[PDB]
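Trainee: Residue numbers (my numbering), protein chains in the order written: chain A, 2 to 153; chain B, 1139 to 1289; chain C, 1139 to 1289; chain D, 2 to 153.
Okay, here's the structure, questions in a sec.
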Ligand SMILES: O=C[C@H](O)[C@H](O)[C@H](O)COP(=O)(O)O
Ligand SMILES: O=C[C@H](O)[C@H](O)[C@H](O)COP(=O)(O)O
Ligand SMILES: O=C[C@H](O)[C@H](O)[C@H](O)COP(=O)(O)O
Ligand SMILES: O=C[C@H](O)[C@H](O)[C@H](O)COP(=O)(O)O
């Protein structure tokens, strides 16, 4: 009954990949990091790593994903291209919490060049720990997102 | 003419006139097309994200501006439309880089999270900042297209 | 009873009732003491920073909340009062750390920069989060006091 | 006719002290970084380094100061304790620009643990490049801060 969390980065965020692994563990003993990012700081293409994590989330191999690039923007765009994925670019505690409470987000995206590591830590912990509210209006809106996916 | 479709849900309705103004402030060539709600009544963000995103995807407008409480819902829903690159921005840097690196065509903002003067800065910066056209960025954007195609 | 003096200038007057509410939301023991403008007309932030800062310095209230356009003016002016440790916060993390590390007694926020729900989070976090009391932080806080004394 | 910019940090921000020096230079050839922070990653007390930079600014030895700690908060508080200093904790381009335009700030404070380095870069460049507006209401308000100092 533990919860798997796939982690991916591109090259700038490779610098903090050990941080990301640690922060997932810090969210609780029930969270198991699955690192899927690169092994060097050599230039790579973020969509490749977004895709790897997003597909795992979509196939339900893991419950959550954590993605980091320079700004988080690339990861959030690429990951959301996978049906079943709800990837939330978060920059603080509030966005991290609300992404779960309102959007039942399954992937958190952060920017290594934009957000300091202790805020990234807080984002990851908050994202993982905060439950989805389950409230009627949110469920309806999430279903509407799914409908958009279905239509394409 | 560079058309900019604008969508909100209910919390961001109170600033929909702001959004129209900020788009215009980016330059005379930027033409706001308001596609959001007509009243303050509660609505569902994906409906308005979808409207704007489809317009961008269809090439009916060049850009979209989406606002909800946090910006998160707008960014998720809009990105579900093939051809859309929706960037949730919270400052000048993210606004600029979404264009320079990601060639983003939709900017998403949170009315409950980001103060209006920063939202103003975000919108203006997003609209005014060109895509770099750099080899690596073009390659990565095409990879995003490939993800869409694979699904 | 833990009293919290509140001050704003004109851009933040629009949310002064929010600020009062957010203080109360932190807990029944938190009592807001509104010391800001009674109207929306232009005022000078240092006048209201001074009023609240002096109350904190005097030990008349435990805490202060100051809001201006960016929070910057409030943070500069309030810190000019000996005994005041005014922290410009823009998120939950800065709100918490201002208390844990700096034992801050005034929180400053920007109405034009930070969305109201984040301002809410900042105020609640600031008031609820205790000072760590750690040796190194105490020492550093004392060095701030010494800077005041040397002037 | 060049413009001297004193730079101080405590220990968490020492890792980016070379960054800070570079970012000041990037603001323009007219800006001269004057590094005054620690020489090592050894734990230090931020008020000591805030004071050194703030005193340089107050005595007019330099025009501007750049201060970095974990959150920027400690630097902001300590530097503002020196009369003649207007130290602005900035977290983005907007606060960086407005601290100059409105507050004629002479010290910019940033958090190494909160703000990513490319945003710190933008903050420093924006802070240094953006002039004070000189507008009547701002001058009056700045004078009122000076009055507060004088009264103590
Ligand atoms: O959104 C994309 C992310 O920010 C990437 O990390 C960034 O574009 C890479 O930039 P560069 O290192 O290739 O210049
Ligand atoms: O991402 C979604 C955006 O934050 C919505 O505006 C929010 O969920 C609306 O919340 P509520 O007004 O229905 O509570
Ligand atoms: O730091 C000062 C705060 O941001 C003030 O609210 C701001 O300067 C007021 O600007 P204006 O309304 O007088 O233009
Ligand atoms: O405001 C003060 C700044 O955030 C300091 O860098 C921080 O308190 C240092 O904390 P520690 O490394 O001593 O735990």
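Even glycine gets a Cβ: it sits at the ideal position worked out from N, Cα and C.
Express the C-alpha separation of residue 147 (chain D) and residue 130 (chain D) in angstroms, rounding to a whole number.
Mentor: Here residue 130 (chain D) refers to the residue found at position 129 of the fourth chain. Here residue 147 (chain D) refers to the residue found at position 146 of the fourth chain. Rounded to the nearest angstrom, the two C-alpha atoms are 24 Å apart.
Trainee: Give the interface partners of residue 145 (chain A) over in chain B, defined as CB-CB distance under 7 Å, in chain order.
Mentor: Numbered from its first residue, the first chain carries residue 145 (chain A) at position 144. Ordered by position in chain B, the residues that pass the 7 Å Cβ test against residue 145 (chain A) are 1182, 1184, 1185.
Trainee: Taking C-beta pairs closer than 7 Å, name the residues in chain D that residue 120 (chain A) reaches, listed in chain order.
Mentor: The sequence position of residue 120 (chain A) within the first chain is 119, counting from 1. Neighbours of residue 120 (chain A) on chain D, chain order: 115.
Trainee: Apply the 10 Å Cβ neighbour rule to residue 1222 (chain C) and answer buried if 16 or more other Cβ atoms are within range, or exposed otherwise.
Mentor: Counted from its first residue, the third chain places residue 1222 (chain C) at position 84. The residue is buried, with at least 16 neighbouring Cβ atoms inside 10 Å.
Trainee: By the 10 Å Cβ neighbour count, where 16 or more other Cβ atoms means buried, how is residue 1165 (chain B) classified, buried or exposed?
Mentor: Looking up residue 1165 (chain B) in the second chain gives position 27. So residue 1165 (chain B) counts as exposed.
Trainee: Please confirm if residue 1143 (chain C) has its CB atom under 9 Å from at least one CB of chain D.
Mentor: As a first step, residue 1143 (chain C) must be located in the third chain, where it is residue number 5. For residue 1143 (chain C), the answer is no, since every Cβ of chain D falls outside 9 Å of its Cβ.
Trainee: Taking 9 Å as the CB-CB cut-off, is residue 1173 (chain C) touching chain D?
Mentor: Here residue 1173 (chain C) refers to the residue found at position 35 of the third chain. By this cut-off, residue 1173 (chain C) is not an interface position.
Trainee: Is residue 1221 (chain B) close to chain C, meaning its C-beta is less than 9 Å from at least one C-beta of that chain?
Mentor: Taking the second chain and counting its residues from 1, the one referred to as residue 1221 (chain B) is at position 83. For residue 1221 (chain B), the answer is no, since every Cβ of chain C falls outside 9 Å of its Cβ.
Trainee: Do residue 67 (chain A) and residue 54 (chain A) have their C-beta atoms within less than 9 Å of each other?
Mentor: Here residue 67 (chain A) is taken as the residue at index 66 of the first chain, counted from 1. Here residue 54 (chain A) is taken as the residue at index 53 of the first chain, counted from 1. In this structure, residue 54 (chain A) lies closer than 9 Å to residue 67 (chain A) by Cβ.
Trainee: Helix, strand or coil for residue 1153 (chain C) per DSSP?
Mentor: Taking the first residue of the third chain as 1, we reach residue 1153 (chain C) at position 15. Here residue 1153 (chain C) sits in coil by DSSP.
Trainee: List the residues of chain A that residue 112 (chain D) touches, going by C-beta distances under 8 Å, in chain order.
Mentor: Looking up residue 112 (chain D) in the fourth chain gives position 111. Under the 8 Å cutoff, chain A gives 117.
Trainee: Is the segment 1202 to 1216 of chain B touching the segment 1246 to 1255 of chain B in the sense that three or more CB pairs, one from each, lie closer than 8 Å?
Mentor: These segments touch.
Trainee: So, is residue 1281 (chain B) buried or exposed, given that buried needs 16 or more other C-beta atoms within 10 angstroms?
Mentor: For the purposes of this step, residue 1281 (chain B) is identified with residue 143 of the second chain, where counting begins at 1. Buried, by the Cβ-count rule.
Trainee: From which residue to which residue does the beta strand (DSSP E) around residue 34 (chain A) run?
Mentor: By 1-based counting over the first chain, the position of residue 34 (chain A) is 33. Where residue 34 (chain A) is concerned, the enclosing beta strand (DSSP E) stretches over 32 to 36.
Trainee: Closer than 8 Å, Cβ to Cβ, to anything on chain A: give me those residues from the segment 1261 to 1282 of chain B, in chain order.
Mentor: Listed in sequence order: 1274, 1277, 1278, 1281, 1282.
Trainee: List the residues of chain A whose Cβ lies closer than 7 Å to the Cβ of residue 1240 (chain B), in chain order.
Mentor: Here residue 1240 (chain B) refers to the residue found at position 102 of the second chain. The answer, in chain order, is 74, 75, 78.
Trainee: Ends of the alpha helix (DSSP H) at residue 127 (chain D)?
Mentor: Position 126 of the fourth chain, counted from the start, is the residue given in the question as residue 127 (chain D). That run of the alpha helix (DSSP H) goes 118 to 130.
Trainee: Taking just the CA atoms, how far does residue 105 (chain A) sit from residue 1194 (chain C)?
Mentor: Counting from 1 along the third chain, the entry for residue 1194 (chain C) is found at position 56. Counting from 1 along the first chain, the entry for residue 105 (chain A) is found at position 104. Spanning the two alpha carbons is a distance of roughly 42 Å.
Trainee: Measure from the alpha carbon of residue 1179 (chain B) to the alpha carbon of each residue in B:1160, B:1279, B:1150, B:1231, then state which is nearest.
Mentor: Along the second chain, read from residue 1 onward, the residue named residue 1179 (chain B) stands at position 41. Among B:1160, B:1279, B:1150, B:1231, the Cα nearest to that of residue 1179 (chain B) is on B:1150.
Trainee: What are the start and end residues of each continuous alpha helix (DSSP H) run of 4 or more residues lying completely inside the segment 1162 to 1222 of chain B, in chain order?
Mentor: For the segment 1162 to 1222 of chain B, whole alpha helix (DSSP H) runs of length 4 or above, ordered along the chain, are 1183 to 1195, 1210 to 1217.
Trainee: Note the first and the last residue of the continuous alpha helix (DSSP H) segment covering residue 1237 (chain C).
Mentor: Numbered from its first residue, the third chain carries residue 1237 (chain C) at position 99. Here the alpha helix (DSSP H) through residue 1237 (chain C) covers 1230 to 1238.
Trainee: Can you find the residues in the same chain that come closer than 8 Å, C-beta to C-beta, to residue 114 (chain D), ignoring five residues on each side of it along the sequence?
Mentor: As a first step, residue 114 (chain D) is located in the fourth chain; it is residue number 113 there, counting from the start. The answer, listed in chain order, is 13, 71, 72.
Trainee: Check whether chain A comes within 9 Å of residue 1259 (chain C), counting only Cβ atoms and requiring the distance to be less than that.
Mentor: Along the third chain, read from residue 1 onward, the residue named residue 1259 (chain C) stands at position 121. Yes - at least one Cβ of chain A is within 9 Å of the one on residue 1259 (chain C).
Trainee: Taking the alpha helix (DSSP H) that residue 1242 (chain C) falls in, what are its first and last residues?
Mentor: Locating residue 1242 (chain C) in the third chain gives position 104, where the first residue counts as 1. Residue 1242 (chain C) -> no alpha helix (DSSP H), and no H or E assigned at all.
Trainee: For residue 100 (chain D) and residue 1173 (chain C), what's the separation of their Cα atoms in angstroms?
Mentor: By one-based count along the fourth chain, residue 100 (chain D) stands at place 99. By one-based count along the third chain, residue 1173 (chain C) stands at place 35. For residue 100 (chain D) and residue 1173 (chain C), the distance between alpha carbons rounds to 24 Å.
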